[PDB]
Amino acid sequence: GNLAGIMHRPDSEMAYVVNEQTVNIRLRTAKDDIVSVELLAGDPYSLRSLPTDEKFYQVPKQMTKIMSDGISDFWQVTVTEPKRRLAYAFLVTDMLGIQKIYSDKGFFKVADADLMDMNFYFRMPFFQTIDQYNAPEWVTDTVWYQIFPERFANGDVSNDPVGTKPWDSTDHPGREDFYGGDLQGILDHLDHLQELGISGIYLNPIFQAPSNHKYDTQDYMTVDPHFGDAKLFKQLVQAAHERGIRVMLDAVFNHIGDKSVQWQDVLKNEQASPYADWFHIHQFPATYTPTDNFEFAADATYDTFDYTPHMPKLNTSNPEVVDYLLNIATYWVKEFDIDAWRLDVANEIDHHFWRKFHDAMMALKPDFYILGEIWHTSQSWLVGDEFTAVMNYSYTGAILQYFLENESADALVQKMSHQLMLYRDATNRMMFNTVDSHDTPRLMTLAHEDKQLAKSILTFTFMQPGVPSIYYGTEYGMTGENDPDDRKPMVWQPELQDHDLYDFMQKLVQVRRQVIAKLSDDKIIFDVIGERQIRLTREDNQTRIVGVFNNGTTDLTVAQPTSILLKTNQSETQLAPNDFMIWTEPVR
């Protein structure tokens, strides 16, 4: 067999605690190289301490091949052990029938393995629930809706910025435009969110800042006055909660804006500023050479987000900065009862800080949801001690690549399988899936205004393990290239709304919340059934949901389902190119 392709990393996503007496264990092997895997496992001390002749290694446990990413196969098994201590090793057999034991000490013929020595084995030394990953149950039933507040609704002209433009959803907004959207406008349209069926709002930043996006924070402790005030924000959160809608705010903790009190003090006082060590200043005075692009300088003497001199990086290792940020994080939760924090550029802040942040948030609300913005592999933030999940851009990006280009279905399934096997099973359910956002081109533009294709992408994404989010306006087919063009004023004029797409998104949200979210500990299966034809199955012990997606250039015939939930062709058996059909069937 392919020994170099076999790996088990103890105390990781391959060996983790699910509850006080139960663990999940995974093994990686080379794809289709290993025919079977059994786990030998039990209490390490039992081997030599118990007087019985029975030994734990005499009764193997079968592992199941759960996924493949085209390179490796991934095997898993759940183990219960009342003594809450586990030693384990793997019996692996290849295609030619060659069997070896694989353990912490390496590979062995069975006859050569020192199975009576607890130290031969990999170890889960004591099952520690304090160290485990916990998924908040409420997220399961959530469909999110993301609001960029400057652009959702102007509920109050009296707080509008100077130079506010007329509300026109057909505009191509510039980087520094204002349209007057505010918190009163969100409050005014909660009925729309409830009618669409969403149950969580993700707001882009709302704290005082000079820009239309407010990632260049001036004051984290104040609602931007062009958006509202503390009383209005409290009213909004209470009104959302009364409708069953939770609220997630955007925490911009990697960097602060250059008009903050703290940075302005650095500019006045140089190294004598009480805030000098709140930043990463290489040379005083803190300077840069302006360029024709306000968001770029080549030579700032301080670290910044990207290369913008207006977003000096915060030194989150400084205890005073830690205290400042934790007090902000605590304030909005304690005083306004928000349900979650989305963490902007979360990967560029240290793990030490995020552990303290986690502990502080869980002390306030044990079911708090902590969502990191990270666009690459995020294993080290998703162990159970830092974030709940990340914005799952690598996953939705693979989906977009499949539907919009000509990849094989095999390639998509391989990428999604790779992603799922990076993380604990419960973590995968908490991932935040949005096909587009304020940082991407709009779905309907990527789809070249092919509504059927847009519906296929949305439906496929809504069937995935992660929780889905709808970027404002998706439900009416809003167009836009990347930022700033993805931030058009929300389309409230019915003549400009795609009503068929809105009806469809209502139905899709209902399939997600009433069917997909109510399966019990389901298994997901990706089957490639033909060229660019995928059958997605989610199933529990009584009910199976199946989605067939035909994204080739030919028609596809399927058996007539008894219980169709959602489809795009008028036929109950025929799928034309880019059609899909979702149905439900009992498990037999």
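Quick note: we count residues from 1 along the sequence shown, nothing fancier.
As recorded in the PDB entry, 404-412 is the stretch of 365-373 and 404-412 with the greater mean C-alpha temperature factor. Per the PDB record, of the two stretches 162-170 and 245-253, 162-170 carries the greater mean B-factor over its C-alpha atoms. Across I349, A340, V390, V139, the greatest Cα temperature factor reported in the deposited entry is at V139. As recorded in the entry, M95 carries the highest CA temperature factor of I147, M95, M431, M421. Annotation for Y45: C-alpha temperature factor in the lowest third relative to the rest of the modelled chain, per the entry. Annotation for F233: CA B-factor lies in the middle third of the chain's modelled residues.
In the deposited entry, the Cα temperature factor of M463 sits in the middle third of values across the chain's modelled residues. When the modelled residues of the chain are ordered by their C-alpha B factor, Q21 lands in the middle third. For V35, the recorded CA B-factor ranks within the middle third of the chain. Only modelled residues enter the ranking.
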